[PDB]
Amino acid sequence: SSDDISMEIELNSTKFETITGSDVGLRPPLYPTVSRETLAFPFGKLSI
Amino acid sequence: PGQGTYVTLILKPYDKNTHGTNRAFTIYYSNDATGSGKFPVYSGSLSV
């Protein structure tokens, strides 16, 4: 699940697409496969 | 610390061909006006 999630802020005319492959080397695994376990994807101080 | 960048490097698993016989590696950086020397920033054993 490298580069799987990605924030893309739209400005008034432009946009800037970042991605967690460009941010986070910490990778929440789908194992704990046992049901209803939710995950997290922190973006540290996204200076737009 | 100061001006600088983070780089997280994903490396291929071991090949007998392109990695030589040593399964380990070391990885340098420089400035680089080429020939000014290059600093060892990391050393490690690559995996199969």
# chains A, B, ... in the order shown; residues from 1 in each chain; ligands from 1
>>> residues_around(residues="residue 16 of chain A", least_positions_apart="2", cutoff="12 Å", atoms="only C-alpha atoms", output="list in words")
residues 6, 7, 8, 9, 10, 11, 12, 13, 14, 18, 19, 46, 47 and 48 of chain A
>>> interface_residues(of="chain A", to="chain B", cutoff="12 Å", atoms="only C-alpha atoms", output="PyMOL selection string")
chain A and resi 2+20-26
>>> residues_around(residues="residue 19 of chain B", least_positions_apart="5", cutoff="12 Å", atoms="only C-alpha atoms", output="NGL selection string")
:B and (11-14 or 24-26 or 45-48)
>>> residues_around(residues="residue 39 of chain A", least_positions_apart="2", cutoff="12 Å", atoms="only C-alpha atoms", output="list in words")
residues 26, 27, 28, 29, 30, 31, 32, 33, 35, 36, 37, 41 and 42 of chain A
>>> write_last_selection(atoms="N, CA, C and O atoms", output="mmCIF file, in the first residue's frame")
data_model
loop_
_atom_site.group_PDB
_atom_site.id
_atom_site.type_symbol
_atom_site.label_atom_id
_atom_site.label_comp_id
_atom_site.auth_asym_id
_atom_site.auth_seq_id
_atom_site.Cartn_x
_atom_site.Cartn_y
_atom_site.Cartn_z
ATOM 1 N N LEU A 26 5.961 5.064 7.224
ATOM 2 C CA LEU A 26 5.204 4.244 8.156
ATOM 3 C C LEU A 26 3.889 3.846 7.504
ATOM 4 O O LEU A 26 3.163 4.688 6.971
ATOM 5 N N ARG A 27 3.599 2.553 7.534
ATOM 6 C CA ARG A 27 2.683 1.915 6.595
ATOM 7 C C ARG A 27 1.734 1.043 7.398
ATOM 8 O O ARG A 27 2.136 -0.022 7.890
ATOM 9 N N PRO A 28 0.484 1.455 7.577
ATOM 10 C CA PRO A 28 -0.450 0.672 8.391
ATOM 11 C C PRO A 28 -0.896 -0.582 7.661
ATOM 12 O O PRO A 28 -1.493 -0.510 6.576
ATOM 13 N N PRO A 29 -0.612 -1.756 8.213
ATOM 14 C CA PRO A 29 -0.891 -3.002 7.501
ATOM 15 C C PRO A 29 -2.349 -3.424 7.655
ATOM 16 O O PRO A 29 -2.999 -3.161 8.666
ATOM 17 N N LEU A 30 -2.851 -4.082 6.610
ATOM 18 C CA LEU A 30 -4.214 -4.595 6.627
ATOM 19 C C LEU A 30 -4.391 -5.722 7.634
ATOM 20 O O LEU A 30 -5.457 -5.814 8.254
ATOM 21 N N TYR A 31 -3.386 -6.579 7.802
ATOM 22 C CA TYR A 31 -3.293 -7.366 9.022
ATOM 23 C C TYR A 31 -3.071 -6.380 10.160
ATOM 24 O O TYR A 31 -1.999 -5.761 10.220
ATOM 25 N N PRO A 32 -4.024 -6.212 11.089
ATOM 26 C CA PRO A 32 -5.019 -6.998 11.843
ATOM 27 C C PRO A 32 -6.333 -7.374 11.142
ATOM 28 O O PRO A 32 -7.360 -6.823 11.494
ATOM 29 N N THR A 33 -6.248 -8.227 10.114
ATOM 30 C CA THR A 33 -7.305 -8.752 9.248
ATOM 31 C C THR A 33 -8.643 -9.067 9.932
ATOM 32 O O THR A 33 -9.702 -8.952 9.299
ATOM 33 N N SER A 35 -11.889 -8.416 11.855
ATOM 34 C CA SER A 35 -12.750 -7.383 11.283
ATOM 35 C C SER A 35 -12.768 -6.075 12.072
ATOM 36 O O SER A 35 -12.391 -6.019 13.247
ATOM 37 N N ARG A 36 -13.156 -5.008 11.364
ATOM 38 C CA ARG A 36 -13.530 -3.684 11.863
ATOM 39 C C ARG A 36 -12.317 -2.876 12.348
ATOM 40 O O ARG A 36 -12.452 -1.705 12.734
ATOM 41 N N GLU A 37 -11.111 -3.425 12.238
ATOM 42 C CA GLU A 37 -9.901 -2.671 12.537
ATOM 43 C C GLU A 37 -9.683 -1.545 11.530
ATOM 44 O O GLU A 37 -9.491 -1.777 10.335
ATOM 45 N N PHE A 41 -3.620 7.527 8.539
ATOM 46 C CA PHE A 41 -2.655 8.032 7.566
ATOM 47 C C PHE A 41 -2.309 9.470 7.913
ATOM 48 O O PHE A 41 -2.913 10.412 7.390
ATOM 49 N N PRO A 42 -1.331 9.678 8.785
ATOM 50 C CA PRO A 42 -0.994 11.041 9.200
ATOM 51 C C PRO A 42 -0.189 11.795 8.157
ATOM 52 O O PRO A 42 0.709 11.255 7.513
#
>>> residues_around(residues="residue 29 of chain B", least_positions_apart="6", cutoff="12 Å", atoms="only C-alpha atoms", output="PyMOL selection string")
chain B and resi 7+35-42
